[PDB]
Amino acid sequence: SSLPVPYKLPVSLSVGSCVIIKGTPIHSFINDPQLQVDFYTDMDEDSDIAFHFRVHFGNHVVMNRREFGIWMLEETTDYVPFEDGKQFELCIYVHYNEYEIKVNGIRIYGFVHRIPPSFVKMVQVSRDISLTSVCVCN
């Protein structure tokens, strides 16, 4: 891995920001690897989460948020266009009303903001991936 995992990146996000994560799963899909990305409100892992994204490669994606320490109503989609054994590009674009999630250039979901994205101060990338790069662009 070019970068350590879990990877905790301090960030400042605004409307128009894009988080770009490039990496490769460390297991084949028959072994049920996962990728997780959390938009944390502080560096502390127990802080609230504006957007939690967990990919079960070859299966489905689960999303949620944690407010006042409480996980809210989970959201899901079966559209997970990641390829077995290959590098992926995951883009999370901050729109005024939602995070748009793109996988390898394919829009898969829009997760609506329940707190403003400018409250996000750390992005954590975790679980079963080798991380090649992480970029924050505007």
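Quick note: we count residues from 1 along the sequence shown, nothing fancier.
**Student:** Taking the recorded C-alpha temperature factors, which stretch has the higher mean, 80-88 or 34-42?
**Tutor:** Higher mean C-alpha B-factor: 80-88.
**Student:** Could you check the entry and say whether 67-75 or 101-109 has the higher mean CA B-factor?
**Tutor:** That would be 101-109.
**Student:** Going by the entry, which third of its chain does the Cα temperature factor of residue 96 land in?
**Tutor:** Highest third, going by the recorded CA B-factors of the chain.
**Student:** Ranking the modelled residues of this chain by C-alpha B-factor as given in the entry, is residue 124 in the lowest, middle or highest third?
**Tutor:** For residue 124, the deposited C-alpha B-factor lands in the lowest third.
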